[PDB]
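Undergrad: These protein sequence lines map, in sequence, to chains D, E and F.
The deposited numbering puts the first residue of the first sequence at 2, with every later residue one more than the last.
The deposited numbering puts the first residue of the second sequence at 2, with every later residue one more than the last.
The deposited numbering puts the first residue of the third sequence at 2, with every later residue one more than the last.
We put the beta carbon where it would ideally sit given N, CA and C, even for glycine.
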Amino acid sequence: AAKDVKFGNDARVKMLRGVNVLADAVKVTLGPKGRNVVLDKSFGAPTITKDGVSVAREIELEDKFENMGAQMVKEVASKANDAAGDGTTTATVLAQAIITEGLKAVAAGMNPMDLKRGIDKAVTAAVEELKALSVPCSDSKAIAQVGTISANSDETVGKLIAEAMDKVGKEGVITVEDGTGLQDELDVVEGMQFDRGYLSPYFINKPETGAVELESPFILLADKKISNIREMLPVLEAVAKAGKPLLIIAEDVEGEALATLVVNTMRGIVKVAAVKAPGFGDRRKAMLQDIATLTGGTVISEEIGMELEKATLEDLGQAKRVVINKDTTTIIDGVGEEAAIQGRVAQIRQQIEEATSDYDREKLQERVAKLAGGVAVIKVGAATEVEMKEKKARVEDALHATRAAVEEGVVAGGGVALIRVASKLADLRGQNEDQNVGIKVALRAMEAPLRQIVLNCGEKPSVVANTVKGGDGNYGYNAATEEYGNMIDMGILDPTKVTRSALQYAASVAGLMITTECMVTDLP
Amino acid sequence: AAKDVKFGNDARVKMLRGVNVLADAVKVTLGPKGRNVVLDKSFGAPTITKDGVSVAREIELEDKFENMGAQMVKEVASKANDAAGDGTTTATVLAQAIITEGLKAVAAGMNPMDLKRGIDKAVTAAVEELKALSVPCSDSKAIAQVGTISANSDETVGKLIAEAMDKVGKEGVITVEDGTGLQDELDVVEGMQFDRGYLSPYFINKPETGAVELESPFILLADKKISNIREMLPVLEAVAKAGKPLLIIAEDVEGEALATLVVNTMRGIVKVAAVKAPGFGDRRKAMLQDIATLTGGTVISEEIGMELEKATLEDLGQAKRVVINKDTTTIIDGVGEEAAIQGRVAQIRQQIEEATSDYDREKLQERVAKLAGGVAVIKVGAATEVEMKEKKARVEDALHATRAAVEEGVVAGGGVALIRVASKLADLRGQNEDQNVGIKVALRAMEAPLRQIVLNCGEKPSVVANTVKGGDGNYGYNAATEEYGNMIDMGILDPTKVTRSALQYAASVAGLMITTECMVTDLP
Amino acid sequence: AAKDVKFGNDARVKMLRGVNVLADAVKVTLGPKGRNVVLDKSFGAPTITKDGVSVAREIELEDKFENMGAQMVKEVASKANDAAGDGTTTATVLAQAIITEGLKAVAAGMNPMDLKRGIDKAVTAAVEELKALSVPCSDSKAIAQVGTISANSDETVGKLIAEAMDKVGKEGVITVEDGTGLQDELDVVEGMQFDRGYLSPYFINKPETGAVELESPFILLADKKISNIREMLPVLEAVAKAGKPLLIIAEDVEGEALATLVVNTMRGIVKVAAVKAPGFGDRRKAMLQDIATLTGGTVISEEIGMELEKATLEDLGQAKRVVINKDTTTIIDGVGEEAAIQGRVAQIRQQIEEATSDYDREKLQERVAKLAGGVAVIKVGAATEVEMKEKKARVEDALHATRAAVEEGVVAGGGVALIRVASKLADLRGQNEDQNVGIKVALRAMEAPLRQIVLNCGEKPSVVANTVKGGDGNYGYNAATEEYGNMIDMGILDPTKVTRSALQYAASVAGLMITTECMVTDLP
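1. Contact criterion: CB-CB distance below 8 Å. Does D41/D meet it with respect to chain E?
2. Output the distance between the C-alpha atoms of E308/D and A239/D, rounded to the nearest integer angstrom.
3. Residues of the stretch 271-296 of chain D in Cβ contact with chain E at a cutoff of 8 Å, in chain order, please.
4. By alpha-carbon positions, which one of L221/D, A341/D and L31/D ends up nearest to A320/D?
5. Can you tell me whether DSSP reads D87/F as helix, strand or coil?
6. Should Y199/D be labelled buried (16 or more other beta-carbon atoms within 10 Å of its own) or exposed?
7. What residue from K393/F, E388/F and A370/F has the CA that sits closest to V381/F's CA?
8. Quick one: residues in its chain with C-beta nearer than 6 Å to the C-beta of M166/D, no 5 flanking neighbours on either side, listed in chain order?
9. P208/E touches chain D at which residues, Cβ-Cβ below 9 Å?
10. Tell me whether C519/F is buried or exposed, calling it buried when 16 or more other Cβ atoms sit within 10 Å of its Cβ.
11. Identify whether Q194/F lies in helix, strand or coil by the three-state DSSP scheme.
12. Could you give the uninterrupted runs of the beta strand (DSSP E) lying entirely in the stretch 266-323 of chain F, keeping only those of 3 residues or more?
13. Need the endpoints of the alpha helix (DSSP H) that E363/D sits in, please.
14. Can you have a look at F44/D and say buried or exposed, based on whether 16 or more other CB atoms are within 10 angstroms of its CB?
15. Three-state secondary structure (DSSP) at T329/F?
16. Here's the rule I'm using: 16 or more other beta-carbon atoms within 10 Å means buried, otherwise exposed. How should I332/E be labelled?
17. For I175/E, would you say it is in contact with chain D, using Cβ-to-Cβ distances shorter than 8 Å as the test?
18. Would you say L524/F faces chain E, with C-beta separation under 8 Å as the test?
19. If the cut is a Cβ gap below 9 Å, which residues of chain D does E63/E touch?
20. Measuring straight from C-alpha to C-alpha, what distance separates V300/D and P208/E?
21. Mind checking if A356/F is an interface residue toward chain E, Cβ cutoff 8 Å exclusive?
22. Helix, strand or coil, according to DSSP, for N437/E in the structure here?
23. Once you ignore the five residues that flank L23/D on each side, which residues in its own chain have a CB closer than 7 Å to its CB?
24. Could you check what DSSP says for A24/E in three-state terms: helix, strand or coil?
25. Any idea which residues DSSP pairs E186/D with across the strands?
26. For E216/F, name the three-state secondary structure that DSSP assigns.
27. Leaving out the 5 sequence neighbours to the left and right, which residues in its chain are closer than 7 Å to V276/D when beta-carbon positions are compared?
28. Drop a sphere of 10 angstroms on the beta-carbon of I292/D, count the other beta-carbons inside from all chains shown, and report buried for 16 or more, exposed for fewer.
29. With a threshold of 8 Å between beta-carbons, can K245/F be considered close to chain E, or not?
30. In chain order, what are the residue ranges of uninterrupted beta strand (DSSP E) at least 3 long that sit wholly in the stretch 238-267 of chain D?
31. Looking at the unbroken beta strand (DSSP E) that takes in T50/D, where does it start and where does it end?
32. DSSP on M520/E, reduced to helix/strand/coil?
33. Does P113/D come within less than 8 Å of chain E when only Cβ atoms are used?
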């Protein structure tokens with residue numbers, strides 16, 4: 002209804018004022034000597050955590066405007082965590098830095114649209130200047146090493162990851178489950194994974210990772226949109242029986258049907274999750290089939306008079322376990338006949354022998370890959386259930402950091418990678434003085450992460466920063482042992498992919514806000 | 002109940018005060034160097050946009066009076082966007098201009114009714130002075146060029162549009178859908194399109210374009226008014242089955258029936274949309290038939306004892322897809338027999354051989370056109386679903402700008418077209434000094450758009466405006482490259498139809514408000 | 002409950018203060034260069050109108066007393082519009098005038114009861130002095146001319162009306178409907194019209210004219226009062242079927258039954274309207290029959306053991322269309338046998354051959370008139386549905402002004418008719434000085450309308466008024482062209498009946514208020 006509108010300067014300080022709350026609350030956790038943040042929880046005992054991610058999830062101010070501000074950097078900052086499995090707190094302290102001096106420059110009368118381009122340039126450069134500093138990581142001798150460092154130095158984990166990547170390839174699919182006791186197990190099973198996320202949160206039941214998870218569920222494969230539950234009743238209540246959770250894969254689920262389901266998931270009356278079929282066009286229709294074959298059961302496409310009513314229980318698909326993320330569905334262990342699946346790949350290969358194109362070929366040998374590669378399944382084992390649930394956590398995290406180094410390499414941690422990249426671009430300039438400031442602002446900002454880690458350690462930020470800017474390469478400052486040297490050798494590093502992300506993202510929102518002139522929101 | 006009434010001057014500042022909030026919030030996006038407006042959204046992360054249309058949709062002030070003011074220019078300013086597919090922000094910043102100086106003049110004691118006529122004259126002239134500046138656009142060499150410029154320079158889009166217009170004519174019917182993969186597809190199908198809009202929003206499900214859309218729906222053709230759902234139950238619940246959405250085309254739908262349906266569309270219990278039959282009189286009755294033939298199925302007219310109860314499922318019409326706008330219904334791909342339809346056109350032509358009139362002839366060869374022309378259907382293709390949904394967006398927009406140039410030509414963009422037309426009418430005068438002011442106010446106002454684009458770019462509005470007023474023709478100022486020259490050659494243009502619209506509309510509301518003496522509204 | 006009571010002077014300023022809000026808001030439209038009044042509307046875009054009638058409908062103040070004042074002049078001022086189809090804004094600006102100086106005189110210590118009689122005299126005279134200035138209008142050459150002028154000069158309209166009046170007589174019945182395309186149609190159908198209004202608003206569904214309207218409805222003719230719906234159920238739900246709306250004509254409808262129906266009309270569960278049978282006594286009983294014969298079907302009178310239960314569907318009446326006003330029911334096209342009706346008129350004429358009286362004769366040849374005259378039905382035609390709905394509006398209005406001139410002639414418009422009549426009574430006096438003031442107040446007031454029209458045009462009211470008072474006859478001032486001359490010849494006129502009405506009515510309420518000493522209302 003009635004709205005409140007703020008303009009230019011007025012509207013900007015509100016945002017900043019807002020983001021500061023966010024940034025300051027989250028950054029006291031930066032690296033080693035990070036402090037605790039006490040998050041009060043409805044009923045019970047508070048939660049004491051040093052996890053920047055958890056602290057941010059809760060932050061949400063009262064002033065409608067200040068909130069937007071804080072809410073804005075959160076939207077993006079999380080985008081970095083979803084891409085490299087880390088670097089949210091980082092991206093945030095960065096955006097605070099850019100934004101602060103930036104808006105400062107605007108008040109200084111300079112042009113916004115220029116400060117922006119000047120920033121985007123200083124970044125575009127820092128990213129290439131970062132790919133160069135990036136130390137490769139391809140031999141399984143390194144994988145096993147990164148995975149290790151990314152788990153408080155448990156040489157077991159590192160090894161486990163490696164043995165896995167070795168079975169399915171660096172591009173393979175690796176899954177982590179609970180162990181059946183002491184001793185770890187690993188092996189590949191007929192499975193698959195496509196780039197589709199849950200059609201709505203809530204379905205989530207493991208907020209620890211923010212994902213869905215179903216045991217020996219049913220998979221409904223229907224080529225068509227679904228917005229009316231009235232087509233589900235026959236083959237949905239028949240799933241309340243057997244208690245076997247249900248996964249619906251259709252071209253899409255809308256309104257009535259979707260909402261109706263998002264409801265029942267909290268009301269326990271059947272736990273089902275559904276996601277969009279993969280891809281689009283005729284390929285989507287074909288991939289839907291692949292899934293069906295792989296999981297046994299069939300597709301229900303209108304194209305052939307099939308209706309969601311004339312569908313019994315065997316028409317349905319079934320696998321031993323599925324896992325949905327914000328943007329990834331992965332089916333583990335398919336009932337599909339290890340003989341029928343081998344026959345489907347037969348077709349797909351005799352369809353490449355008729356590849357009257359190049360694009361058409363890749364997309365096809367891309368399908369055999371998924372359908373023939375299978376999925377690696379690591380089962381963490383430990384002495385006690387506790388130790389084990391804990392270890393399974395570390396492995397799940399190491400498995401993430403590892404894949405981010407295998408893709409883009411790793412660089413010096415503790416925030417030095419950025420501070421180095423910054424000192425290397427002092428000569429950089431742009432089209433006009435404003436743009437130059439734009440550059441200088443972004444560069445100045447890249448020191449924030451380090452200067453904060455140091456600060457959290459009751460150090461002298463300036464001394465330590467200048468010192469690190471003095472050396473070259475990955476000469477950093479292990480803030481954990483107050484001793485300078487090579488960061489990679491000391492075991493303090495970050496997947497280049499996360500540092501690059503944190504920076505690109507921070508810079509994105511920073512830019513947008515510096516270029517905002519008007520905010521519209523609801524009246525309190 | 003009790004109302005609040007303001008008069009003359011008092012009531013006017015309120016309106017102005019209101020429209021200012023609207024105008025200022027929306028104009029900060031004028032020109033490529035436009036800023037962002039952060040629109041807070043109920044629950045979630047804010048929305049950062051530079052789209053003036055979206056910013057206006059949200060604006061709505063608290064003061065009952067100021068609101069009306071803002072609400073008034075929005076009603077009209079959107080009328081411009083609905084006519085040429087663009088130019089809302091423009092029409093708004095224009096109305097602010099006219100209104101500001103106008104009410105200023107009224108306070109100055111001058112007469113309102115005269116300022117008005119003086120304004121309408123200054124416009125009436127600007128419009129003809131604009132048709133002259135208008136560079137034609139008829140050869141498919143130009144269509145393919147305008148369509149291109151109206152899509153960040155994707156020479157593909159421009160070509161696609163052209164190839165289409167070539168198949169159905171400049172007056173043809175062009176539809177855009179999702180592609181079935183990489184590579185674009187184009188072809189004509191038995192379809193039709195009449196000038197009837199949805200009988201109520203809400204039905205809308207693609208607020209991205211503000212239109213309805215149904216897949217392989219059913220079409221109900223009934224010649225009669227419908228206000229009681231009790232006549233639908235038999236043949237409406239029979240449509241809940243098959244899940245196939247339903248389109249009702251009847252002389253009109255009122256109250257009980259209509260409301261009852263507008264309800265169910267949000268409650269997911271069946272997604273149906275209905276619109277008024279085309280035309281009126283006996284012709285409406287005949288056109289209804291055309292539709293029926295074209296979509297297979299029959300009409301239910303009381304004239305022959307038929308009731309909406311004795312109607313099975315085959316009596317109903319059916320097509321592969323429909324699309325309703327604020328004022329346009331378009332049926333795509335009709336089940337109708339490509340042989341029966343050819344027989345209907347038979348009659349309509351042997352009915353022209355009995356055309357004892359002229360009017361009667363045009364209206365008939367106007368029907369064969371719709372029923373025999375068919376509909377062109379472009380299917381945008383791309384590498385990934387994302388790229389594709391994006392491209393389909395660009396094509397949909399380029400397909401709009403194109404038709405607005407094919408109708409009335411194109412003129413220099415960046416607001417110069419107006420500023421030129423203005424400098425050309427400095428000699429213009431009216432019946433008295435007031436009317437002269439009226440002229441001078443409108444002229445002065447026509448510089449707003451340009452002066453703002455410039456201002457958004459941190460320029461010196463005056464210098465740049467005078468320079469542009471110095472040259473002649475389409476000598477403008479590409480604000481994107483700070484370099485003057487010919488606007489059309491630089492690729493900066495606007496369909497004459499949108500510039501004309503924005504102006505005529507802005508002037509309309511400006512006029513009304515300047516001539517308002519009393520406002521009546523509810524008490525808070 | 003608890004009430005608030007004001008007395009004499011105190012209570013009067015409150016009313017005046019109130020009526021001033023009404024008058025000032027509405028008069029800013031009165032004639033030509035009239036201004037706009039923006040009426041805010043709940044949800045949506047405001048309404049900009051110059052229609053005094055619409056502006057008044059909304060006005061309603063907060064102060065309980067001031068409201069009464071404004072609410073009082075509205076009650077009457079509308080009485081004038083219902084009598085001559087125009088002259089509400091006029092009657093209002095008139096009442097303001099009388100009341101202002103009147104109450105001014107009261108404070109001046111003069112007597113109220115005398116100011117009144119002095120005013121009523123000044124009016125009684127102006128009315129006769131007005132019948133004399135009235136230019137006749139009887140030859141269809143004039144009808145066709147007045148109808149024309151009363152429609153922005155569309156010589157088609159004027160002609161249409163005339164061709165109609167020619168078929169049914171000046172006292173005939175003329176109906177206006179939508180056309181079946183281009184070209185107008187006119188013809189008489191077996192119909193009738195009596196002086197009974199709707200038994201309650203709400204039934205209304207065409208607030209554009211403030212009337213009811215039913216298509217091919219059913220007519221229930223029952224001689225008896227009806228307050229219990231329990232007698233309707235059998236023959237009312239049987240009408241929910243067929244969907245055919247129902248018109249109930251009974252001696253009267255009260256409470257339970259009535260309310261119950263007024264409810265359902267908004268709840269769409271059946272759209273029925275009912276009105277009182279015409280006349281009273283035995284004649285009412287007989288006229289009820291006439292209707293029945295004319296519309297086929299029969300009357301249900303208790304006098305012969307008939308009950309509203311033992312009534313099927315054929316016992317009911319039926320016509321092709323009905324239209325109810327605030328005080329007029331008119332049945333159009335009756336199913337009645339064009340042969341049976343001719344037989345009823347047979348009786349009624351052989352009943353005049355036994356007319357042992359004079360009164361008895363007239364009332365009878367007054368019935369054949371209605372039952373044998375039929376109804377003229379004009380079907381406006383146009384190029385497009387829009388143009389047509391618009392034209393049908395103009396015809397509907399012209400058809401009103403025409404009948405008001407045919408009855409009492411026409412006089413000079415633009416408010417001169419009154420100002421002339423006023424300058425002709427300067428010599429008039431009464432029984433005492435107070436009454437004389439009473440006179441002088443009314444005369445002074447009769448200049449308001451003109452002085453305002455002039456004022457709205459940014460003129461000098463005094464100069465223009467004195468000039469017009471100088472001349473004689475219909476020498477007026479066409480405020481549209483600032484040129485004096487003969488008003489009738491210039492085409493600026495008003496049916497004498499409306500000017501007479503506006504005046505008599507304004508004077509009525511003005512009188513009442515000047516003579517009020519106490520106001521009682523509810524406590525806020």
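TA: Judging by the given coordinates:
1. Judged by the 8 Å Cβ criterion, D41/D is not in contact with chain E.
2. Taking the straight line from one Cα to the other gives about 16 Å.
3. If the cut-off is 8 Å between Cβ atoms, the stretch 271-296 of chain D has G280, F281, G282, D283 and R284 near chain E.
4. Answer by Cα proximity: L221/D.
5. Coil at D87/F, not helix or strand.
6. Classification of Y199/D: buried, given that the 10 Å Cβ count is 16 or more.
7. The shortest Cα separation from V381/F among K393/F, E388/F and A370/F belongs to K393/F.
8. Counting only residues of its own chain and dropping the five nearest sequence neighbours on each side, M166/D has a CB closer than 6 Å to the CB of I144.
9. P208/E does not reach chain D, its nearest Cβ partner there being about 13 Å away, counting only Cβ pairs nearer than 9 Å.
10. Its Cβ having fewer than 16 others within 10 Å, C519/F is exposed.
11. Looking at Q194/F - three-state DSSP - the assignment turns out to be strand.
12. For the stretch 266-323 of chain F, whole beta strand (DSSP E) runs of length 3 or above, ordered along the chain, are 273-277.
13. In the DSSP assignment, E363/D falls within the unbroken alpha helix (DSSP H) covering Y360 to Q366.
14. It is exposed - the Cβ of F44/D has fewer than 16 other Cβ atoms within 10 Å.
15. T329/F: coil per DSSP, three-state reduction.
16. It is buried - the Cβ of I332/E has at least 16 other Cβ atoms within 10 Å.
17. Not one chain D Cβ lies under 8 Å of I175/E.
18. Output row for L524/F: interface = no.
19. Here the neighbours are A2, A3, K4, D5 and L524.
20. Straight across, the Cα-Cα distance linking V300/D with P208/E is about 31 Å.
21. So, not an interface residue.
22. Looking at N437/E - three-state DSSP - the assignment turns out to be helix.
23. Only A57, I60, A71, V74, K75 and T93 meet the Cβ criterion.
24. DSSP, read as helix, strand or coil, puts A24/E in helix.
25. Within the DSSP bridge table, the entry for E186/D names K380/D as partners.
26. If DSSP states are grouped into helix, strand and coil, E216/F belongs with the strands.
27. Excluding sequence neighbours, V276/D sits near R197, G198, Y199, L200, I250, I325 and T330.
28. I292/D is buried by the Cβ-count criterion.
29. No, because no Cβ of chain E sits closer than 8 Å to the Cβ of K245/F.
30. Runs of the beta strand (DSSP E) inside the stretch 238-267 of chain D: 247-254.
31. Where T50/D is concerned, the enclosing beta strand (DSSP E) starts and stops at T48 to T50.
32. Correct three-state label for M520/E: strand.
33. Interface residue, yes.
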